[PDB]
Amino acid sequence: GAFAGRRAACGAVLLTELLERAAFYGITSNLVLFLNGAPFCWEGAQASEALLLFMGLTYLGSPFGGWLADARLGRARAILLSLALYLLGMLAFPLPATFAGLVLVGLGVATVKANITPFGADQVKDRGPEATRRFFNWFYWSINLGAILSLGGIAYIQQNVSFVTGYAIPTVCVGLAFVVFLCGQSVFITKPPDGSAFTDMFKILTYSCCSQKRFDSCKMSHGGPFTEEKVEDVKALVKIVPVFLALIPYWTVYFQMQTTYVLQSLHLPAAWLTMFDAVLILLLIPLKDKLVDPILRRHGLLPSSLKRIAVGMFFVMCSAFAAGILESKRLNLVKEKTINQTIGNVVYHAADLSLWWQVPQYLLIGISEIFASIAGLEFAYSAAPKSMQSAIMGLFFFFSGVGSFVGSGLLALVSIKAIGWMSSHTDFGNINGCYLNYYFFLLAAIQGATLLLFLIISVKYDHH
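This deposited entry lists cryo-EM as its structure determination method and 3.54 Å as its resolution.

The PDB entry annotates the protein as Solute carrier family 15 member 4 of Homo sapiens. If you open the UniProt record of the protein and go to Subunit, you find "Interacts with TASL; leading to TASL recruitment to endolysosome." Quoted verbatim from the Sequence similarities field of the UniProt record, the comment on the protein reads "Belongs to the major facilitator superfamily. Proton-dependent oligopeptide transporter (POT/PTR) (TC 2.A.17) family."

This is the structure we're talking about:
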């Protein structure tokens, strides 16, 4: 009965999210390749910088998207405006203009990502937190399904017809999402926030900050016009911030592992490797949702989101250790024979080893994801105040982007001449004379330290 009733609205929201994710992954799958192979052939550095700027704008727009959704507008209306801007920007690709289109697409996706999760989360808030947890599980499953569908269909229909349609496919998807969402609204009534006074909440926050400049906060605000709700929201946000601060290195390690696993698998369509992870997720989310959760319900072992994030961090560390061991074995084997292969239009030298040895580590990462990210989202919805859930989601996405940037900086920094772990990394391939195993071991050590710090912070937070 918990999932009955608004099932149609939940399915519509999941379909819209799937279409949005498919369009985004279609955009990001071969943007650099399309720009390089286009008649306006730029340099590799120029395309890389454009992609990095696009990703940074998408990461940065999420807090402002949540701010715009929370203030002077609703949630569904802000989603509609964001996806309209997304469609308008995406229409430019099949046709300075490129910069404007990238800006529009980035703003649209940043607002959509920041606003879709809180809306669907509050849509099922009628029942207990278990309904929200199941909704988040199916939300992540739909995201992965959309990723797989895009990364397959792009190549599936790219060969049949002209390549322009390859970029026209996401746009149509966006349009479809638009229509679906519109229809959903006609029967949504998913407890619309109707946020009008929430704008004042923002200025109240500033007033509280002024009260800081002019448990000190509680006693100071008791005398003034600072009714307990806003003070408790400020306290909750203050408690939340260190969690994200500790989670930033986790996102750094996550993105670095995502890049390095593909880079290593290249030496055993290039996007299919990434699909592997998603495929594993598509296999793991349902089974767990039907088996892992009930058993705890039988034993009363239901942990907090922080404990599940810690378990995910432990699985990440185990996967990093396994990847390091596999890289060491591959380096030991490769010092005797090499095999020349071609992927796309690039020649790579790979060791005489099967590709299935990547199955264990990937599997571990999958478990970590199904134990961590979703749980974090639940926390991102649970501890956040009811007034500014979208702002909290936007800040979380911004912190994830900052972690990704820190990971890229660390990857650049572990390539200095004094380090000596890699010298052919500047070249496209020939990672045979490199030391990626040491990089994996360093990532595992950093993950362990971050896990310990997060455990301490989680214990301190749960004590209060």
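Now that the structure has been shown, we can carry on.
Q: For this particular structure, what's the right way to read the overall build of the protein?
A: A count of helical and extended segments in the protein gives 15 helices and two strands. Taking 464 residues into account, the globule formula puts the C-alpha radius of gyration at 23 Å, and the protein, at 23 Å, falls close to it. Projected onto its principal axes, the C-alpha positions of the protein cover 75 × 50 × 50 Å. For the protein, the residues scored as buried account for 48% of the 464 residues in total. Total accessible area computed for the protein in this model is approximately 23,300 Å², and 70% of it derives from carbon and sulfur atoms. With 32 positive and 25 negative side-chain charges, the protein shows a separation of 5 Å between the mean positions of the two kinds.

Q: Where do I start with helix α10 (residues 228-265) in this structure?
A: Owing to its 3.6 residues per turn, the α-helix brings residues three or four apart onto one side. Here α10 contains 38 residues, and its C-alpha end-to-end distance of 55 Å stays within 8% of the 56 Å for a straight helix at 1.5 Å per residue. At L247, α10 shows its largest bend, some 30°, and a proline, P249, comes one to four positions later.

Q: Is there a simple way to think about the packing of α10 against helix α15 (residues 436-463) in this case?
A: Two numbers describe a pair of packed helices, the interaxial angle and the distance between the axes. Between α10 and α15, the shortest axis-to-axis distance is 10 Å and the interhelical angle comes to 160°. As summarised for this structure, α10 and α15 are arranged roughly antiparallel, according to the angle between their axes. The element α10 and its partner α15 pack so that their crossing is left-handed.

Q: Explanation requested: the layout of surface pockets in the structure shown.
A: Empty space left among the atoms is revealed by rolling a probe the size of a water molecule over them. Its boundaries defined by the atoms lining it, the second largest pocket holds a volume of some 580 Å³. Secondary structure elements with two or more residues in the lining of the second largest pocket: α3 (44-70), α8 (198-213), α9 (216-223), α10 and α14 (389-413). A class-by-class count of the residues in the lining of the second largest pocket yields 14 nonpolar, six polar and three charged.

Q: Just to check I follow, could you spell out the domain arrangement of the protein for this structure?
A: The parts lose accessible area when they come together, and the size of an interface is often stated as this lost area. Its domain assignment divides the protein into domain 1 (1-196) and domain 2 (238-464). The C-alpha-based centres of domain 1 and domain 2 are spaced at 23 Å. Between domain 1 and domain 2, the residue contacts involve 31 residues of the former and 37 residues of the latter. For the pairing of domain 1 and domain 2, the buried interface totals around 3,000 Å² over both sides, and the portion due to carbon and sulfur atoms is 69%. When the buried area of domain 1 at its contact with domain 2 is split by residue, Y59, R133 and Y140 rank highest and sum to 24% of it. Counting the contacts that link domain 1 with domain 2 gives one salt bridge. In this structure, the connection of domain 1 to domain 2 is made through four residue pairs in polar contact. Elements supplying a minimum of two residues to the side of domain 1 that touches domain 2: α3, α5 (97-123) and α6 (129-158). The element that contributes the greatest number of residues to the side of domain 1 that touches domain 2 is α6, accounting for 14 residues. Among the residues forming the side of domain 1 that touches domain 2, the class breakdown is 14 nonpolar, nine polar and eight charged.

Q: What exactly am I supposed to notice about the pattern of salt bridges here?
A: Oppositely charged side chains can form a pair if their charged atoms are brought close together. All chains considered together, the criterion is met by seven salt bridges. For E378, the salt bridge is made with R133, and the minimal N-O distance between the two is 2.9 Å. Accessibility assignment for this pair places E378 and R133 in one class, buried. Put simply, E17, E20 and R21 are held in one network by salt bridges that share partners.

Q: Where do I start with empty space enclosed by the protein in this structure?
A: For the largest cavity, the calculated volume is near 100 Å³. Taken together, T16, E17, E20, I79, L83, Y86, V112, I116, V174 and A177 make up the full set of residues lining the largest cavity. Within the residue set of the lining of the largest cavity, elements represented by two or more residues are α1 (7-29), α4 (76-90), α5 and α7 (164-186). A breakdown of the residues in the lining of the largest cavity according to their chemical character gives seven nonpolar, one polar and two charged.

Q: Looking at this structure, how should I read the side chain of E327?
A: Relative to the elements of secondary structure, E327 occurs in helix α12 (residues 305-334). Ignoring any residue separated from it by four or fewer positions in sequence, one finds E327 in contact with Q264, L436, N437 and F440.

Q: I'm lost on the environment of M201 in this one. Help?
A: You can see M201 is positioned in helix α8. Ignoring any residue separated from it by four or fewer positions in sequence, one finds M201 in contact with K230, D233 and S387.

Q: So what exactly am I meant to see when it comes to α4 here?
A: In this model α4 runs 21 Å from its N-terminal to its C-terminal C-alpha over 15 residues, within 8% of the 21 Å that 1.5 Å per residue would give. Residues of α4 that are buried in the fold lie against α1, α3, α5 and α7.

Q: Got a minute to help me understand unusual backbone geometry in this structure?
A: Backbone geometry follows two general trends: most residues other than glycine have a negative phi, and most peptide bonds adopt the trans configuration. Despite not being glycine, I189 shows a phi value in the positive range, around 35°. The residue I189 is located in the loop between α7 and α8 in this model. Taking relative accessible area as the criterion, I189 reaches 77% and is therefore assigned exposed. If you check the backbone angles, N430 has positive phi at about 55° while not being a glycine. Structurally, the position occupied by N430 is in the loop between α14 and α15. The exposure class of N430 is partly exposed, given its relative accessible area of 41%.

Calculation rules
- Residues numbered from 1 in each chain as written, not as in the entry; some residues may be left out.
- Heavy atoms only, no water.
- UniProt positions renumbered as here; feature names shortened; annotations may be inferred.
- Helix = DSSP H or I, 4+ residues; strand = E, 2+ residues; numbered from the N terminus.
- Rg over C-alpha atoms; globule rule 2.2 N^0.38 Å.
- Buried < 20%, exposed > 50% of the residue type's maximum accessible area, 1.4 Å probe, protein only.
- Areas by Shrake-Rupley, 256 points an atom, 1.4 Å probe, with all protein chains shown as cover.
- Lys, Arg positive; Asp, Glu negative; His and termini not counted.
- Charge placed at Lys NZ, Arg CZ, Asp CG, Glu CD.
- Expected span 1.5 Å × (residues − 1).
- Bend = angle between axes of the 7 residues up to and from the residue.
- Axes fitted to C-alpha atoms, helices over the stretch in contact; angles between N-to-C directions.
- Parallel < 35°, antiparallel > 145°, perpendicular 65-115°, else oblique.
- Left-handed = near helix turned anticlockwise from the far one by under 90°.
- 1 Å grid on protein atoms, 1.4 Å probe; cavity = no way out; pocket = protein on both sides within 12 Å on 5 of 7 lines; lining within 4 Å.
- Points joined across faces, edges and corners; volume = space filled by probe spheres on them.
- Nonpolar A, V, L, I, M, F, W, Y, C, P; charged D, E, K, R; others polar.
- Domains from an automatic or database assignment.
- Contact = heavy atoms within 4.5 Å.
- Buried area = accessible area lost by both parts, 1.4 Å probe.
- Salt bridge = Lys/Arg side-chain N within 4 Å of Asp/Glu carboxyl O.
- Polar contact = N/O pair within 3.5 Å; in protein donor to acceptor, adjacent residues only side chain to side chain.

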